[PDB]
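[1] show me the folded form of this:
(chains A, B, C, D, E, F, G, H and I, ligands or ions: 15)
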Amino acid sequence: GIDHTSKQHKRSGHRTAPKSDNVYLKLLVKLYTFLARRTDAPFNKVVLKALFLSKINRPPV
Amino acid sequence: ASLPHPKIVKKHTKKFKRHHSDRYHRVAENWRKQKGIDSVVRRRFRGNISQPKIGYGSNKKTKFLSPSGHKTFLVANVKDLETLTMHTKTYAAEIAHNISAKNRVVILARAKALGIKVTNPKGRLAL
Amino acid sequence: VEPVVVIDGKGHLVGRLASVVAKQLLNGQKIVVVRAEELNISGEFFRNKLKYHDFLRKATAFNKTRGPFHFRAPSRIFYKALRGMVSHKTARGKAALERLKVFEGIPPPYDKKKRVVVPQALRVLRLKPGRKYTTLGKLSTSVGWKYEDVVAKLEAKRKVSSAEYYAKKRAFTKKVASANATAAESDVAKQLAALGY
Amino acid sequence: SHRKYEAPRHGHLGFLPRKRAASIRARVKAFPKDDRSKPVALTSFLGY
Amino acid sequence: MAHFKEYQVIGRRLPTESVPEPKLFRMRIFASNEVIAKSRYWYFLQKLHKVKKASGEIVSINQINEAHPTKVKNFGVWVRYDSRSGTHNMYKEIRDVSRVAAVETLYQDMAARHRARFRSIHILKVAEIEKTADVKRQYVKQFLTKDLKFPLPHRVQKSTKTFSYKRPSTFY
Amino acid sequence: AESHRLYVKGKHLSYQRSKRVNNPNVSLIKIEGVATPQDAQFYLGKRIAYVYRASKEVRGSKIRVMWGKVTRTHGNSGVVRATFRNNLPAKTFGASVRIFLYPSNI
RNA sequence: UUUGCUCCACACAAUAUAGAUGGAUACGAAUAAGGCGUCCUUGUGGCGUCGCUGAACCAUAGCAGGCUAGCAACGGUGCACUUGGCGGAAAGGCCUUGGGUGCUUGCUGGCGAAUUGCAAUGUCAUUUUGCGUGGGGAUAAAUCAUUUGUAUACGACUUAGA
RNA sequence: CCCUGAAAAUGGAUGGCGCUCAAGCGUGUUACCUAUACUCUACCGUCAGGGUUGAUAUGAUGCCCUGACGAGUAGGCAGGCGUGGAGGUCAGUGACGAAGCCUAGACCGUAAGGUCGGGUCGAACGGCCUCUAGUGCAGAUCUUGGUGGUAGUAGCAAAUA
RNA sequence: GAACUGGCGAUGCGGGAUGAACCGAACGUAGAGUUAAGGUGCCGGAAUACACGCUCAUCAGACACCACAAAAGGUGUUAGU
Ligand SMILES: [Mg+2]
Ligand SMILES: [Mg+2]
Ligand SMILES: [Mg+2]
Ligand SMILES: [Mg+2]
Ligand SMILES: [Mg+2]
Ligand SMILES: [Mg+2]
Ligand SMILES: [Mg+2]
Ligand SMILES: [Mg+2]
Ligand SMILES: [Mg+2]
Ligand SMILES: [Mg+2]
Ligand SMILES: [Mg+2]
Ligand SMILES: [Mg+2]
Ligand SMILES: [Mg+2]
Ligand SMILES: [Mg+2]
Ligand SMILES: [Mg+2]
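    Residues are numbered from 1 along each chain as shown, chains lettered A, B, ... in the order given. Ligands and ions are numbered 1, 2, ... in the order given. The relevant structure is shown in the block below.
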């Protein structure tokens, strides 16, 4: 037995992918996943995370 | 034979039979989870039937493999059989239950000519 | 070691002997116990008679013939002690129990077989000197055993026959030892002594 | 609760079971003690 | 526990500016190890003086070996112990070859005759009795007589085997 | 000669067990003439055969063998623990087994 | 009532094993006492010796134990044939007598073994049963049905009947 | 410590047998026994952190590396199994035998289940991607129907024959 | 009927014979090793271990929760003032 200090098997709570089935959105996601992995620019990581966002979480500009 | 593989471990060969299916005819043997408040099976008391758990999962290397080492693929005709042309070391054909005897003769002939192992070659043989 | 072990129950303590025999039978040794009437129980005779009377008064209320059975013979009192020391309601315990025979006196063919003792159950080695003890044949007679006198008569005549056998064996032993004495100081004897014999 | 009036038992518990005898001829279960000084003699007789 | 050692434990109050170099109190403690020896030291200093482990220090702990371990001595032992309903002082005499062994025997004897645990016993004093005619207990005096010799009747020999073929004897 | 034995007599006592749970995978063997774990250490790793008879001839014989080996000592009185390729049947509690002198270190 | 039944012997087949794998190797008593040997004046005797475990004693060598030649002693063991004597607690065994017939490792020789391939119980026991062969032996009952009433709800009991 | 004080109703309970220089009581030193606990290893799953595109020999919700973790009623969520019908597809199966049913015969899956052989049978029926619901039973003194033990049992003995 | 905490409920596993709550310890599927609490005459795995004492009960005693015992008394026996 282990005296657990935190909840076990807890999901991160952040989206790892778009909820949608838009194939062109998934192509954009795979492009910026490659860029976020192979570059140290935090811009690519920010854009990649924003590509996962829901509609209420991407209000129009 | 088939592709070399590690020794196949099953982790549980015994069938998971439903509680009291040996007690009452109306309780079928198909596994069902006891949900009663007092149930000794659900509470996992010693000396009771074991319940299916994910820890019993088969080694992914040997999962779905027959003892001969092939994954079973169901075929209904020659064209279905042809898909295993390049995968004779990993897949064995099994002829569907509803194939007629004369079509089975053709399927078996093509399988022998191509090198696909047939799981059930004695089905519907005239003699 | 030997296929059958014959224990002379004279001078042994009932419970310690029963524990030893129970372990032997469960381990697969065939045991015959003789002279159960000469077994001993620690404690004075009156106290052990009171204990047996407490045992006697336990019986099934609505039918006495299905109740606890009170066997009076010394061999059966020993057998009862060995049960409860054996898991007698199982097949393995039953199999162990057919490996055991208990008798009063020494009936044939055991009267001409070698008898052993169990030192860890012997009264003279176990009890402190001065502690009172009971004799099983006397307790059984006070409880209702009927055959103390016939057993005593048979034991007396067996002892007579055994005494003549022993006298013959002692005479032959004396002449064998005399012959072995003449074999000494010979070359073969000197070599055997050098080798340890 | 107790019987509320004492009365002796009905019948004798030592003549049990009250079953049919195994034989029509009742068996002699005890003979007189032997006395070797007297001459040989029968201990019982049969009659109708 | 009963494999007792004897330790001298010397300790003192923690030095301050008003009283540097305190007085270095010392006790002899019978204990199975040094950890227990130090604990017993602090327990007794706790009870006798207004000092505790937090406000004190252990300057030295040394095992004291017997001077002549192979010389049979008589020991007077003064103890104080707690019974189920009071506290009592006792004097006892032990014939033994060392102080730690005599204290072992004392603890066994107190446990046996008075059901007093190690928890309940204070060893006030252990002192060799220098000569006879000062031994006060008959259970010790009876072993001091000239040319003492006694038999050991009824010898019981341990058997390595379950069965014996010879009806053993108890001669000795 | 009249003796041909090349093994040491043993008795199958029981499985490894607690008061109410047994472990059929480990058997307890009493080896004749062994009374201490120090003496039982000589027998560690020795091969054990349970030899029994059957009514049906199988491979030219009515005699069948269950093979195992001594794994460790057990208790204080020379009992040893043993494991067999297939566990002993448990009707053999009290039956005789054979402890051979191979593999040998002497 | 099928040429049935029974005992003995050997031949085959089946059946199983609560578990052979050198030998269950016999005084009785006491244990703050005994065993054995010896002597005497025969005892609750004198003397000597022993134990401190059976770690003993006996058996133990030979193709799982072959074939053959001797030497020395007249011993040891097996098998039948035997002369008896004893044993009733469940005797079913113990002690014997006399020849015959094998073996003898008590002591000297000579021949054989292999390949089960570096291990695989590597099969050597013994309950029981059936089918055969050849040698003895013996030549009934019970039940139903009928019948009695010392019995009886029915079974059962108790009687009778060539 | 022991004993007296110490009396309840079926026969009985240091668990039982039994145990007396204990197998009892106090104490002390070792050895030994065994939990789904601890250590190490394998495998399943979950969670987390990562690697992988000058075409990664065209699957990047894939493949792989590393670490930790795994009890669970009420309850929540996720991934899957199965059923009737609908769109599409496999130019799928089938009177040379579809569906159904029986099968201490085989194989796959932790499981829901899936697959095959054999028997019986005679006219339709599957896989896959989606759509849809009157979609999964052991209970409700559940509904309807069928059938047992009881049991060859109770009973067929008023009204003269 | 309240307070704090830990539990049971919702939880199996080893131990307390037996038992919701006590002790130990919390649980995927297995292998090996080691232990906890509890034990090691036999049932039953494991010393009829070793050591110093005490106790004999014609109603001994034998492990916490827990399956009770008191005032009072004894030239029983042991130690002590
Ligand atoms: Mg399976
Ligand atoms: Mg319920
Ligand atoms: Mg509940
Ligand atoms: Mg009577
Ligand atoms: Mg069926
Ligand atoms: Mg069909
Ligand atoms: Mg039609
Ligand atoms: Mg509905
Ligand atoms: Mg239903
Ligand atoms: Mg509730
Ligand atoms: Mg209890
Ligand atoms: Mg419990
Ligand atoms: Mg606690
Ligand atoms: Mg015990
Ligand atoms: Mg044991």
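[2] can you give me phi and psi for residue C:122?
    phi -70, psi 130 (degrees, to the nearest 10).
[3] residue F:97 now?
    phi -120, psi 160.
[4] what does residue C:152 give?
    Dihedral angles (degrees, to the nearest 10) for residue C:152: phi -60, psi -40.
[5] also residue E:82?
    Phi and psi for residue E:82, reported as degrees, to the nearest 10, are phi -100, psi 120.
[6] can you give me the helices for chain F?
    Using DSSP state H, the helices found in chain F span residues F:37-40.
[7] name the SS class of the closest residue to chain F within chain B, please.
    Residue nearest to chain F within chain B (CB to the nearest CB): residue B:46, separated by 8.0 Å. Every residue, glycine included, has its C-beta placed from N, CA and C. For residue B:46, the assignment made with DSSP: H, G, I helix; E, B strand; the rest coil gives coil.
[8] for it, which non-adjacent residue is spatially closest?
    Leaving out its chain neighbours, the residue that sits closest to residue B:46 by CB to CB, 6 or more residues apart in numbering or on different chains is residue F:21, at 8.0 Å.
[9] can you get me a residue count around the closest residue to chain C within chain D?
    In chain D, the residue that lies nearest chain C is residue D:17 (9.7 Å; CB to the nearest CB). Residue D:17: 6 surrounding residues under other CB atoms under 10 Å in any protein chain shown.
[10] swap in the one 3 residues further on?
    Residues within reach of residue D:20, counting by other CB under 10 Å, total 7.
[11] what helix or strand is it located in?
    Following DSSP states H and E, one finds residue D:20 outside all helices and strands.
[12] how near is it to RNA strand I?
    43 Å (CB to the nearest atom of the strand, to the nearest Å).
[13] distance of that residue relative to residue C:63?
    The gap separating residue D:20 from residue C:63 is 20 Å, by CB to CB, to the nearest Å.
[14] now the strands for chain B?
    Secondary structure of chain B by DSSP state E: the strands cover B:71-75, B:91-95.
[15] I meant to write chain C there.
    Counting by DSSP E, the strands of chain C are C:4-8, C:30-34, C:40-42, C:100-102, C:133-135.
[16] quick one: is the last one near RNA strand I?
    No: figure legend: strand C:133-135 not in contact with RNA strand I (CB under 7 Å from any atom of the strand); closest approach 9.8 Å.
[17] what about the closest residue to residue C:155 other than its chain neighbours, how many residues nearby?
    Distances taken as CB to CB, 6+ apart place residue C:105 nearest to residue C:155, at 5.1 Å, with adjacent residues excluded. For residue C:105, the neighbour count with other CB under 10 Å is 22.
[18] quick check: residue C:105 touching residue C:151?
    Yes: contact criterion CB atoms under 8 Å: residue C:105 and residue C:151 qualify, at 4.9 Å.
[19] mind listing the shared neighbours of these two?
    Residues touching both residue C:105 and residue C:151 by CB atoms under 8 Å, 6 or more residues apart in numbering or on different chains: residue C:37.
[20] could you work out the end-to-end span of stretch C:100-120 for me?
    In stretch C:100-120, first residue to last residue: 20 Å (CA to CA, to the nearest Å).
[21] do that stretch and RNA strand G meet at all?
    Yes: applying CB under 7 Å from any atom of the strand, one finds stretch C:100-120 in contact with RNA strand G at C:103-115, C:119.
[22] and those, which is closest to RNA strand G?
    Using CB to the nearest atom of the strand, residue C:105 is the member of the residues of stretch C:100-120 next to RNA strand G that lies nearest RNA strand G, at 2.3 Å.
[23] residues touching the closest residue in space to residue B:5 that isn't next to it in sequence, list them.
    For residue B:5, ignoring the flanking residues on the chain, the nearest one in space by CB to CB, 6+ apart is residue B:69 at 5.5 Å. When contacts are counted by CB under 8 Å, 6+ apart, residue B:69 touches B:1, B:2, B:3, B:5.
[24] possible to save the residues you listed as CSV with distance to RNA strand G and neighbour count?
    CSV is the format used below for those (distance: CB to the nearest atom of the strand, whole Å; neighbours: other CB atoms under 10 Å in any protein chain shown):
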residue, distance to RNA strand G, neighbour count
B:1, 24, 8
B:2, 28, 16
B:3, 29, 11
B:5, 26, 12
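[25] of all the strands of chain B, which one comes closest to residue F:38?
    strand B:71-75 (55.9 Å; CB to CB).
[26] what lies in contact with the closest one?
    B:64-66, B:80-81, B:83-84, B:90-96, B:107, B:119.
[27] for that strand, buried residues please.
    Neighbour counts over strand B:71-75 (16 or more other CB atoms under 10 Å in any protein chain shown) mark B:73, B:75 as buried.
[28] is it positioned near RNA strand H?
    Yes: using CB under 7 Å from any atom of the strand, strand B:71-75 reaches RNA strand H at B:72, B:74.
[29] would you mind writing the CA trace of that strand as PDB?
    Presented in PDB, the C-alpha positions along strand B:71-75 are these (Å, rounded to 0.1, in the frame of the first residue of the first chain):
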ATOM      1  CA  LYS B  71      -3.800 -15.100 -36.900                       C
ATOM      2  CA  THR B  72      -7.100 -16.500 -38.200                       C
ATOM      3  CA  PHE B  73      -8.700 -14.700 -41.100                       C
ATOM      4  CA  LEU B  74     -12.100 -15.800 -42.300                       C
ATOM      5  CA  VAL B  75     -12.500 -16.300 -46.100                       C
END
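[30] tell me what angle it forms with strand B:91-95.
    Orientation of strand B:71-75 against strand B:91-95 (axes from the mean of the first three to the mean of the last three CA atoms, to 10 degrees) gives an angle of 40 degrees.
[31] please compute how far strand B:71-75 lies from its chain's middle.
    10 Å (CA atoms, centre = their mean, to the nearest Å).
[32] hmm, back to that, what's the helix or strand for the residue of chain D closest to chain C?
    Applying DSSP H and E, one finds residue D:17 in no helix or strand.
[33] one more: the one 10 residues further on?
    No secondary structure element spans residue D:27, as it lies outside all helices and strands (assigned by DSSP H and E).
[34] outside of stretch B:5-12, which residues touch it?
    B:50, B:55, B:56, B:57, B:58, B:59, B:61, B:62, B:65, B:67, B:69.
[35] neighbour-wise, give me the winner out of those.
    residue B:65 (19 neighbours).
[36] so how far is residue B:28 from that residue?
    In terms of CB to CB, residue B:65 sits 29 Å off from residue B:28.
[37] quick one on the thing from earlier: quick check: the residue of chain B closest to chain F vs residue B:40, distance?
    As judged by CB to CB, residue B:46 and residue B:40 stand 9 Å apart.
[38] equivalent analysis for residue E:118, please.
    Taking CB to CB, one finds residue E:118 at 48 Å from residue B:40.
[39] with residue B:64 instead?
    34 Å.
[40] okay, those two: which has more neighbours?
    Set residue B:64 next to residue B:40 and count neighbours by other CB under 10 Å: residue B:40 wins out with 14 against 9.
[41] ok, now which ones touch that one?
    Contacts of residue B:40 by CB under 8 Å, 6+ apart are residue B:48.
[42] quick one: it from residue E:68, how far?
    From residue B:40 over to residue E:68 (counting by CB to CB), the distance is 71 Å.
[43] with residue E:104 instead?
    Counting by CB to CB, the gap from residue E:104 to residue E:68 is 18 Å.
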